[PDB]
Every structure is written in C-alpha cells, then in structure tokens.
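Novice: Contents are mmCIF, C-alpha atoms and all ligand atoms; chains and numbers go by the auth columns; file name target-v9.cif:
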data_model
#
loop_
_atom_site.group_PDB
_atom_site.id
_atom_site.type_symbol
_atom_site.label_atom_id
_atom_site.label_comp_id
_atom_site.label_asym_id
_atom_site.label_seq_id
_atom_site.Cartn_x
_atom_site.Cartn_y
_atom_site.Cartn_z
_atom_site.B_iso_or_equiv
_atom_site.auth_seq_id
_atom_site.auth_asym_id
ATOM 1 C CA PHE A 1 -201.504 213.233 -37.678 0.00 1 B
ATOM 2 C CA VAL A 2 -199.132 215.642 -35.963 0.00 2 B
ATOM 3 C CA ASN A 3 -201.218 218.725 -36.673 0.00 3 B
ATOM 4 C CA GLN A 4 -199.077 221.848 -36.801 0.00 4 B
ATOM 5 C CA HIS A 5 -198.133 224.951 -38.791 0.00 5 B
ATOM 6 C CA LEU A 6 -195.109 223.359 -40.439 0.00 6 B
ATOM 7 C CA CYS A 7 -192.340 225.229 -42.247 0.00 7 B
ATOM 8 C CA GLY A 8 -188.633 224.504 -42.913 0.00 8 B
ATOM 9 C CA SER A 9 -187.289 220.989 -42.290 0.00 9 B
ATOM 10 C CA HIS A 10 -190.538 220.688 -40.379 0.00 10 B
ATOM 11 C CA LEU A 11 -192.404 220.158 -43.643 0.00 11 B
ATOM 12 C CA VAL A 12 -191.132 218.658 -46.890 0.00 12 B
ATOM 13 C CA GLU A 13 -189.013 216.124 -45.053 0.00 13 B
ATOM 14 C CA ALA A 14 -192.191 214.893 -43.359 0.00 14 B
ATOM 15 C CA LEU A 15 -193.671 214.100 -46.746 0.00 15 B
ATOM 16 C CA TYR A 16 -191.056 211.435 -47.357 0.00 16 B
ATOM 17 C CA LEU A 17 -192.097 209.980 -44.044 0.00 17 B
ATOM 18 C CA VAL A 18 -195.710 209.625 -45.292 0.00 18 B
ATOM 19 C CA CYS A 19 -195.677 210.367 -49.046 0.00 19 B
ATOM 20 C CA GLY A 20 -193.844 207.076 -49.672 0.00 20 B
ATOM 21 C CA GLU A 21 -191.487 205.899 -52.410 0.00 21 B
ATOM 22 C CA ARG A 22 -193.539 207.607 -55.137 0.00 22 B
ATOM 23 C CA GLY A 23 -192.063 211.116 -54.914 0.00 23 B
ATOM 24 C CA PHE A 24 -193.120 214.731 -54.366 0.00 24 B
ATOM 25 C CA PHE A 25 -193.028 218.346 -55.564 0.00 25 B
ATOM 26 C CA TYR A 26 -192.369 221.379 -53.312 0.00 26 B
ATOM 27 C CA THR A 27 -194.246 224.626 -53.965 0.00 27 B
ATOM 28 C CA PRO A 28 -192.868 227.196 -51.520 0.00 28 B
ATOM 29 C CA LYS A 29 -194.702 229.629 -53.723 0.00 29 B
ATOM 30 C CA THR A 30 -197.890 230.824 -52.106 0.00 30 B
ATOM 31 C CA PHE B 1 -173.700 200.488 -47.615 0.00 1 C
ATOM 32 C CA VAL B 2 -176.540 202.227 -49.492 0.00 2 C
ATOM 33 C CA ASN B 3 -179.371 203.692 -47.438 0.00 3 C
ATOM 34 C CA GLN B 4 -181.465 205.831 -49.738 0.00 4 C
ATOM 35 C CA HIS B 5 -183.966 206.096 -46.948 0.00 5 C
ATOM 36 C CA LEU B 6 -181.327 208.079 -45.062 0.00 6 C
ATOM 37 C CA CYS B 7 -179.786 209.604 -48.154 0.00 7 C
ATOM 38 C CA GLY B 8 -183.340 210.657 -48.926 0.00 8 C
ATOM 39 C CA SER B 9 -183.951 212.343 -45.579 0.00 9 C
ATOM 40 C CA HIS B 10 -180.524 213.958 -45.597 0.00 10 C
ATOM 41 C CA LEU B 11 -180.421 215.007 -49.220 0.00 11 C
ATOM 42 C CA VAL B 12 -183.950 216.247 -48.689 0.00 12 C
ATOM 43 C CA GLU B 13 -182.056 218.781 -46.672 0.00 13 C
ATOM 44 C CA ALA B 14 -180.027 220.023 -49.635 0.00 14 C
ATOM 45 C CA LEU B 15 -183.079 219.856 -51.901 0.00 15 C
ATOM 46 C CA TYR B 16 -185.070 222.458 -50.018 0.00 16 C
ATOM 47 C CA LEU B 17 -182.415 225.132 -49.529 0.00 17 C
ATOM 48 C CA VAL B 18 -180.993 225.064 -53.042 0.00 18 C
ATOM 49 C CA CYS B 19 -184.513 224.804 -54.408 0.00 19 C
ATOM 50 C CA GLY B 20 -186.512 226.452 -51.648 0.00 20 C
ATOM 51 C CA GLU B 21 -188.126 229.049 -53.920 0.00 21 C
ATOM 52 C CA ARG B 22 -188.034 227.173 -57.232 0.00 22 C
ATOM 53 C CA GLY B 23 -188.911 224.048 -55.299 0.00 23 C
ATOM 54 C CA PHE B 24 -187.979 220.524 -56.345 0.00 24 C
ATOM 55 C CA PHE B 25 -188.988 217.092 -57.585 0.00 25 C
ATOM 56 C CA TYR B 26 -188.315 213.666 -56.192 0.00 26 C
ATOM 57 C CA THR B 27 -189.511 210.109 -56.746 0.00 27 C
ATOM 58 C CA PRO B 28 -188.458 207.753 -53.989 0.00 28 C
ATOM 59 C CA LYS B 29 -189.086 204.913 -56.408 0.00 29 C
ATOM 60 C CA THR B 30 -186.078 206.273 -58.311 0.00 30 C
ATOM 61 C CA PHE C 1 -192.437 230.744 -40.974 0.00 1 V
ATOM 62 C CA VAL C 2 -193.647 234.140 -39.798 0.00 2 V
ATOM 63 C CA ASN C 3 -197.084 235.103 -38.458 0.00 3 V
ATOM 64 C CA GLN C 4 -198.493 238.152 -40.261 0.00 4 V
ATOM 65 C CA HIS C 5 -201.696 237.649 -38.315 0.00 5 V
ATOM 66 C CA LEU C 6 -199.660 239.058 -35.461 0.00 6 V
ATOM 67 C CA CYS C 7 -196.941 240.718 -37.483 0.00 7 V
ATOM 68 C CA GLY C 8 -199.401 242.579 -39.633 0.00 8 V
ATOM 69 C CA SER C 9 -201.202 244.280 -36.777 0.00 9 V
ATOM 70 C CA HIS C 10 -198.080 246.199 -35.891 0.00 10 V
ATOM 71 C CA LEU C 11 -198.054 247.053 -39.567 0.00 11 V
ATOM 72 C CA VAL C 12 -201.819 247.572 -40.003 0.00 12 V
ATOM 73 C CA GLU C 13 -201.036 249.580 -36.961 0.00 13 V
ATOM 74 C CA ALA C 14 -198.621 251.757 -38.909 0.00 14 V
ATOM 75 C CA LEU C 15 -200.590 252.289 -42.133 0.00 15 V
ATOM 76 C CA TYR C 16 -202.888 254.823 -40.485 0.00 16 V
ATOM 77 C CA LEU C 17 -200.674 257.595 -39.078 0.00 17 V
ATOM 78 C CA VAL C 18 -197.937 257.519 -41.688 0.00 18 V
ATOM 79 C CA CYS C 19 -200.768 257.668 -44.158 0.00 19 V
ATOM 80 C CA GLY C 20 -202.635 260.666 -42.729 0.00 20 V
ATOM 81 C CA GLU C 21 -205.333 262.370 -44.855 0.00 21 V
ATOM 82 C CA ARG C 22 -205.029 259.632 -47.478 0.00 22 V
ATOM 83 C CA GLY C 23 -205.532 256.503 -45.356 0.00 23 V
ATOM 84 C CA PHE C 24 -204.622 253.071 -46.777 0.00 24 V
ATOM 85 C CA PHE C 25 -205.744 250.158 -48.960 0.00 25 V
ATOM 86 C CA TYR C 26 -205.180 246.685 -47.592 0.00 26 V
ATOM 87 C CA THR C 27 -206.134 243.174 -48.662 0.00 27 V
ATOM 88 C CA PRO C 28 -205.840 240.262 -46.227 0.00 28 V
ATOM 89 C CA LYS C 29 -205.405 237.797 -49.088 0.00 29 V
ATOM 90 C CA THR C 30 -202.197 238.912 -50.834 0.00 30 V
ATOM 91 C CA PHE D 1 -220.974 245.139 -29.670 0.00 1 Y
ATOM 92 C CA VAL D 2 -218.788 247.947 -28.387 0.00 2 Y
ATOM 93 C CA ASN D 3 -219.975 251.331 -29.612 0.00 3 Y
ATOM 94 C CA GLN D 4 -218.296 254.692 -29.092 0.00 4 Y
ATOM 95 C CA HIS D 5 -216.822 257.507 -31.136 0.00 5 Y
ATOM 96 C CA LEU D 6 -214.245 255.810 -33.363 0.00 6 Y
ATOM 97 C CA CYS D 7 -211.324 257.998 -34.468 0.00 7 Y
ATOM 98 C CA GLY D 8 -207.521 258.060 -34.584 0.00 8 Y
ATOM 99 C CA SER D 9 -205.542 254.811 -34.823 0.00 9 Y
ATOM 100 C CA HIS D 10 -207.883 252.923 -32.471 0.00 10 Y
ATOM 101 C CA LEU D 11 -210.358 252.414 -35.297 0.00 11 Y
ATOM 102 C CA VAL D 12 -207.986 251.321 -38.065 0.00 12 Y
ATOM 103 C CA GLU D 13 -207.378 248.346 -35.770 0.00 13 Y
ATOM 104 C CA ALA D 14 -211.107 247.532 -35.630 0.00 14 Y
ATOM 105 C CA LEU D 15 -211.654 246.316 -39.205 0.00 15 Y
ATOM 106 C CA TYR D 16 -208.914 243.796 -38.423 0.00 16 Y
ATOM 107 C CA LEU D 17 -210.991 241.660 -36.114 0.00 17 Y
ATOM 108 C CA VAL D 18 -214.218 242.312 -38.027 0.00 18 Y
ATOM 109 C CA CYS D 19 -213.291 242.237 -41.739 0.00 19 Y
ATOM 110 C CA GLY D 20 -211.725 238.781 -42.166 0.00 20 Y
ATOM 111 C CA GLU D 21 -209.558 237.255 -44.909 0.00 21 Y
ATOM 112 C CA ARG D 22 -211.249 239.430 -47.533 0.00 22 Y
ATOM 113 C CA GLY D 23 -209.487 242.795 -47.346 0.00 23 Y
ATOM 114 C CA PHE D 24 -209.969 246.468 -46.477 0.00 24 Y
ATOM 115 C CA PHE D 25 -209.010 250.111 -46.919 0.00 25 Y
ATOM 116 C CA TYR D 26 -208.745 253.167 -44.693 0.00 26 Y
ATOM 117 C CA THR D 27 -210.056 256.685 -45.273 0.00 27 Y
ATOM 118 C CA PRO D 28 -208.975 259.145 -42.582 0.00 28 Y
ATOM 119 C CA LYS D 29 -211.149 261.922 -44.001 0.00 29 Y
ATOM 120 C CA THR D 30 -214.423 262.252 -42.122 0.00 30 Y
ATOM 121 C CA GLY E 1 -177.757 208.182 -60.661 0.00 1 P
ATOM 122 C CA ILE E 2 -179.144 210.570 -58.123 0.00 2 P
ATOM 123 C CA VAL E 3 -179.424 207.814 -55.528 0.00 3 P
ATOM 124 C CA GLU E 4 -176.146 206.219 -56.664 0.00 4 P
ATOM 125 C CA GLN E 5 -173.614 209.014 -56.445 0.00 5 P
ATOM 126 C CA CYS E 6 -174.903 211.406 -53.768 0.00 6 P
ATOM 127 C CA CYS E 7 -175.169 208.468 -51.372 0.00 7 P
ATOM 128 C CA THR E 8 -171.993 206.358 -51.649 0.00 8 P
ATOM 129 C CA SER E 9 -170.327 209.640 -52.372 0.00 9 P
ATOM 130 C CA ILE E 10 -171.142 213.150 -51.188 0.00 10 P
ATOM 131 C CA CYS E 11 -172.421 215.864 -53.492 0.00 11 P
ATOM 132 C CA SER E 12 -171.390 219.510 -53.901 0.00 12 P
ATOM 133 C CA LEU E 13 -174.143 222.100 -53.502 0.00 13 P
ATOM 134 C CA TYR E 14 -173.610 223.198 -57.109 0.00 14 P
ATOM 135 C CA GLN E 15 -174.311 219.900 -58.920 0.00 15 P
ATOM 136 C CA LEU E 16 -177.364 219.704 -56.681 0.00 16 P
ATOM 137 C CA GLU E 17 -179.178 221.999 -59.092 0.00 17 P
ATOM 138 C CA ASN E 18 -179.050 219.231 -61.698 0.00 18 P
ATOM 139 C CA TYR E 19 -182.066 217.583 -60.057 0.00 19 P
ATOM 140 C CA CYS E 20 -184.080 220.637 -58.923 0.00 20 P
ATOM 141 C CA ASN E 21 -187.807 221.386 -59.445 0.00 21 P
ATOM 142 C CA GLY F 1 -199.797 226.253 -53.202 0.00 1 I
ATOM 143 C CA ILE F 2 -199.239 224.131 -50.088 0.00 2 I
ATOM 144 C CA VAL F 3 -198.101 226.921 -47.781 0.00 3 I
ATOM 145 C CA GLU F 4 -201.379 228.845 -47.564 0.00 4 I
ATOM 146 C CA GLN F 5 -202.909 225.564 -46.410 0.00 5 I
ATOM 147 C CA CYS F 6 -200.230 224.018 -44.241 0.00 6 I
ATOM 148 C CA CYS F 7 -197.782 226.658 -42.985 0.00 7 I
ATOM 149 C CA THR F 8 -200.205 229.537 -42.617 0.00 8 I
ATOM 150 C CA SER F 9 -202.745 227.043 -41.281 0.00 9 I
ATOM 151 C CA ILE F 10 -202.454 223.440 -40.061 0.00 10 I
ATOM 152 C CA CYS F 11 -202.436 220.600 -42.595 0.00 11 I
ATOM 153 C CA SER F 12 -203.425 216.998 -41.786 0.00 12 I
ATOM 154 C CA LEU F 13 -201.907 213.878 -43.306 0.00 13 I
ATOM 155 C CA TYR F 14 -204.528 213.434 -46.000 0.00 14 I
ATOM 156 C CA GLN F 15 -204.606 217.144 -46.786 0.00 15 I
ATOM 157 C CA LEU F 16 -201.114 216.778 -48.210 0.00 16 I
ATOM 158 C CA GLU F 17 -201.624 213.168 -49.179 0.00 17 I
ATOM 159 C CA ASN F 18 -202.591 214.978 -52.386 0.00 18 I
ATOM 160 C CA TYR F 19 -199.174 216.642 -52.758 0.00 19 I
ATOM 161 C CA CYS F 20 -197.314 213.486 -53.803 0.00 20 I
ATOM 162 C CA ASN F 21 -197.210 211.195 -56.866 0.00 21 I
ATOM 163 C CA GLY G 1 -198.533 242.548 -51.624 0.00 1 D
ATOM 164 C CA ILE G 2 -196.241 243.851 -48.878 0.00 2 D
ATOM 165 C CA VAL G 3 -197.439 241.523 -46.102 0.00 3 D
ATOM 166 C CA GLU G 4 -195.013 238.801 -47.166 0.00 4 D
ATOM 167 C CA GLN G 5 -191.834 240.915 -46.924 0.00 5 D
ATOM 168 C CA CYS G 6 -192.632 243.548 -44.301 0.00 6 D
ATOM 169 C CA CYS G 7 -193.233 240.710 -41.874 0.00 7 D
ATOM 170 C CA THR G 8 -189.900 238.863 -41.506 0.00 8 D
ATOM 171 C CA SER G 9 -188.033 241.823 -42.959 0.00 9 D
ATOM 172 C CA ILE G 10 -187.934 245.499 -41.926 0.00 10 D
ATOM 173 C CA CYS G 11 -189.733 248.444 -43.570 0.00 11 D
ATOM 174 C CA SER G 12 -190.437 251.754 -41.811 0.00 12 D
ATOM 175 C CA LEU G 13 -191.962 255.133 -42.638 0.00 13 D
ATOM 176 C CA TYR G 14 -190.195 255.148 -46.018 0.00 14 D
ATOM 177 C CA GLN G 15 -190.396 251.805 -47.830 0.00 15 D
ATOM 178 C CA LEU G 16 -194.037 250.970 -47.122 0.00 16 D
ATOM 179 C CA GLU G 17 -195.046 254.190 -48.858 0.00 17 D
ATOM 180 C CA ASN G 18 -195.284 251.905 -51.865 0.00 18 D
ATOM 181 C CA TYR G 19 -198.486 250.272 -50.567 0.00 19 D
ATOM 182 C CA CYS G 20 -200.358 253.094 -48.831 0.00 20 D
ATOM 183 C CA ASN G 21 -203.679 254.721 -49.765 0.00 21 D
ATOM 184 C CA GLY H 1 -218.155 260.023 -44.533 0.00 1 Q
ATOM 185 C CA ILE H 2 -216.482 256.924 -43.139 0.00 2 Q
ATOM 186 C CA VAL H 3 -215.524 258.310 -39.723 0.00 3 Q
ATOM 187 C CA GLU H 4 -218.392 260.683 -38.867 0.00 4 Q
ATOM 188 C CA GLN H 5 -220.700 257.669 -38.781 0.00 5 Q
ATOM 189 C CA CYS H 6 -218.474 255.710 -36.399 0.00 6 Q
ATOM 190 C CA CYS H 7 -216.275 258.291 -34.720 0.00 7 Q
ATOM 191 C CA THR H 8 -218.312 261.436 -34.129 0.00 8 Q
ATOM 192 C CA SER H 9 -221.088 259.300 -32.831 0.00 9 Q
ATOM 193 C CA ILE H 10 -221.215 255.581 -32.207 0.00 10 Q
ATOM 194 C CA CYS H 11 -220.993 252.854 -34.887 0.00 11 Q
ATOM 195 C CA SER H 12 -222.169 249.192 -34.940 0.00 12 Q
ATOM 196 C CA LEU H 13 -220.624 245.946 -36.208 0.00 13 Q
ATOM 197 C CA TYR H 14 -222.985 246.010 -39.159 0.00 14 Q
ATOM 198 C CA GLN H 15 -222.982 249.739 -39.780 0.00 15 Q
ATOM 199 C CA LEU H 16 -219.248 249.104 -40.033 0.00 16 Q
ATOM 200 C CA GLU H 17 -219.504 246.035 -42.291 0.00 17 Q
ATOM 201 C CA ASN H 18 -220.004 248.340 -45.311 0.00 18 Q
ATOM 202 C CA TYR H 19 -216.505 249.788 -44.867 0.00 19 Q
ATOM 203 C CA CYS H 20 -215.080 246.559 -46.304 0.00 20 Q
ATOM 204 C CA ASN H 21 -214.458 245.859 -50.014 0.00 21 Q
HETATM 205 CL CL CL I . -178.802 210.375 -41.076 0.00 101 X
HETATM 206 CL CL CL I . -189.018 227.370 -36.069 0.00 102 X
HETATM 207 CL CL CL I . -196.137 239.215 -32.580 0.00 103 X
HETATM 208 CL CL CL I . -207.876 258.744 -26.827 0.00 104 X
HETATM 209 NA NA NA I . -183.207 217.703 -38.917 0.00 105 X
HETATM 210 NA NA NA I . -202.435 249.692 -29.493 0.00 106 X
HETATM 211 ZN ZN ZN I . -187.886 225.488 -36.624 0.00 107 X
HETATM 212 ZN ZN ZN I . -179.938 212.265 -40.519 0.00 108 X
HETATM 213 ZN ZN ZN I . -197.325 241.190 -31.998 0.00 109 X
HETATM 214 ZN ZN ZN I . -206.727 256.833 -27.390 0.00 110 X
#
Before we go any further, please render this structure as structure tokens.
Ligand SMILES: [Cl-]
Ligand SMILES: [Cl-]
Ligand SMILES: [Cl-]
Ligand SMILES: [Cl-]
Ligand code: NA
Ligand code: NA
Ligand SMILES: [Zn+2]
Ligand SMILES: [Zn+2]
Ligand SMILES: [Zn+2]
Ligand SMILES: [Zn+2]

Specialist:
Amino acid sequence: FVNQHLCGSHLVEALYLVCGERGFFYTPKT
Amino acid sequence: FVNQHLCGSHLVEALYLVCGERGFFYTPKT
Amino acid sequence: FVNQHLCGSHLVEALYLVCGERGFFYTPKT
Amino acid sequence: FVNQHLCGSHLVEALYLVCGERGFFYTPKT
Amino acid sequence: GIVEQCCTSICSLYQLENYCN
Amino acid sequence: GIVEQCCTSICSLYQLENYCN
Amino acid sequence: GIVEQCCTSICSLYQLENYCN
Amino acid sequence: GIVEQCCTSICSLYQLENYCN
C-alpha cells in the first residue's frame, strides 16, 4: 500500500479507490 | 453519460469540505 | 495535517518561561 | 545517558524525548 | 437520487448537506 | 477515530479496510 | 487540549495561559 | 524537589522517569 501520513483529498478519496462500492464513513474527529 | 465512478471521486470532494468535521456517509452500491 | 510532534516542541518550549514559578501540566495524548 | 545540572528551559525539553505518548508536567520550583 | 441528480446535473453546496454524515 | 491512526501515523490498506461497509 | 489548535493556529503569551500549570 | 535532583547535581534517565505522570 502507499504508506503515508494522509490528510485532505489525500485520504477519504483513497478509500473509494480501495473501499469499493460498499460505502464509507469519515471521522475527522480524533 | 453517467459515470458515478467519476461523480464519486469528484463529489467526494464536496463531501469532505461541507462535512469535514461532522463527516459523511456514502455507499457506492447506491 | 500539522505535525505537533515538531510543532509542539516550540510550544512545549514556551510553557516553561511564560509559566515561571508555577511550571506547566502537559499530556501528550490530548 | 547525558548527566549534568538540569535547569532553565533546557530541561523542560528533556521529558519530551524521554516521557513518550503518556504525558507530563513541569514544576520550576526546586 | 444522489447519484442521479448530482451527476447528470451539478449540485449546489447547500443541498449537499442533505446527504451528510 | 481514523486520524490518530492514519494522519498522525501511517495507515496501511487493511488498517482502514475496517473503515468501510 | 490545546495541542490541536495552538499548532496550525497562533497563540502567544496570552491565550495559552488557559493550559498552563 | 524536582530540579535539585537533576539540576543542582546530575540526574539520570531513570531518576528522571519518576517526573512523569
Ligand atoms: Cl473527473
Ligand atoms: Cl499537504
Ligand atoms: Cl517544525
Ligand atoms: Cl546555560
Ligand atoms: Na484531486
Ligand atoms: Na532550543
Ligand atoms: Zn496536500
Ligand atoms: Zn476528477
Ligand atoms: Zn520545528
Ligand atoms: Zn543554556
């Protein structure tokens, strides 16, 4: 995997690349 | 004509900003 | 994203003097 | 280890590389 | 739908909150 | 949530393979 | 509880008082 | 108290490990 400290459009967009057609939830909240 | 795959990676833009702190839900199925 | 690991030092740097006789109370978890 | 007198700001910066993700406090009073 | 309107048509940043987390 | 794991530190595919449906 | 704001934002000799010992 | 042990004289990584929560 591209192993990095991802943030911004660097992250959640990448899910849809791997997370598939199921869906996802975004918790910005630490 | 209808590329959700692109709509999904573009919208995914507008999903994060508007809901960057409240976050968001998505299901690519739907 | 922002690095507090670095960023904090400048800060953990500042807690001491400005604090004086009292000193500070930190927690590197939250 | 490095061992010397440890006073002023120089020390407050020591518990940062030694204390970890746990947390800390600072008491200036000897 | 969400995949019907925002795609063949554009969406305005306000209605976008309809489908938020 | 995810940030402590992935933005503050690096997250691998299967570490977030848990974040989806 | 300050480490998340006083990082990307600016606080000096007057706002951080809130979190000092 | 905290300083006299490490500042006046020398202090060691473990003698210092007690100054953490
Ligand atoms: Cl595109
Ligand atoms: Cl960046
Ligand atoms: Cl820096
Ligand atoms: Cl000196
Ligand atoms: Na982009
Ligand atoms: Na220095
Ligand atoms: Zn960037
Ligand atoms: Zn695009
Ligand atoms: Zn720095
Ligand atoms: Zn000096």

Novice: How far apart are chain V and chain C by Cα RMSD after a least-squares superposition over every Cα, paired in order?

Specialist: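 The fitted C-alpha deviation between chain V and chain C is 1.1 Å.
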
Novice: After a least-squares superposition on chain D over all sequentially paired C-alpha atoms, what is chain Q as a tab-separated table (two decimals) with C-alpha atoms, in the frame of the given file?

Specialist:
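Contents of out-v6.tsv, as written:
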chain	number	residue	atom	x	y	z
Q	1	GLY	CA	-196.54	240.91	-51.36
Q	2	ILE	CA	-197.53	243.56	-48.85
Q	3	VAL	CA	-196.53	241.70	-45.68
Q	4	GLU	CA	-193.44	239.71	-46.72
Q	5	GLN	CA	-191.65	243.01	-47.27
Q	6	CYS	CA	-192.53	244.36	-43.83
Q	7	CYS	CA	-193.37	241.32	-41.74
Q	8	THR	CA	-191.07	238.47	-42.74
Q	9	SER	CA	-188.20	240.86	-42.62
Q	10	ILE	CA	-188.07	244.47	-41.54
Q	11	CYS	CA	-189.83	247.39	-43.28
Q	12	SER	CA	-189.13	251.18	-43.30
Q	13	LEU	CA	-191.35	254.26	-43.10
Q	14	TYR	CA	-190.80	254.86	-46.80
Q	15	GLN	CA	-190.82	251.26	-47.94
Q	16	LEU	CA	-194.21	251.35	-46.24
Q	17	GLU	CA	-195.37	254.63	-47.80
Q	18	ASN	CA	-196.27	252.75	-51.01
Q	19	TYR	CA	-198.94	250.76	-49.17
Q	20	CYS	CA	-201.15	253.86	-49.18
Q	21	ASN	CA	-203.60	254.84	-51.95

Novice: May I ask you to write as an MDAnalysis selection string all residues lying at most 12 Å from ligand ZN 110 (chain X), with only C-alpha atoms and all ligand atoms counted?

Specialist: chainID Y and resid 4:11 13

Novice: Given the PyMOL selection byres ((chain Q) within 6 of (chain Y)) and the file above, list the residues it selects as an MDAnalysis selection string.

Specialist: chainID Q and resid 1:4 6:11 20:21

Novice: In Å, with one decimal, what is the gap from atom CA of residue 5 of chain Q to atom CA of residue 19 of chain Q?

Specialist: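 Between atom CA of residue 5 of chain Q and atom CA of residue 19 of chain Q the gap is 10.8 Å.
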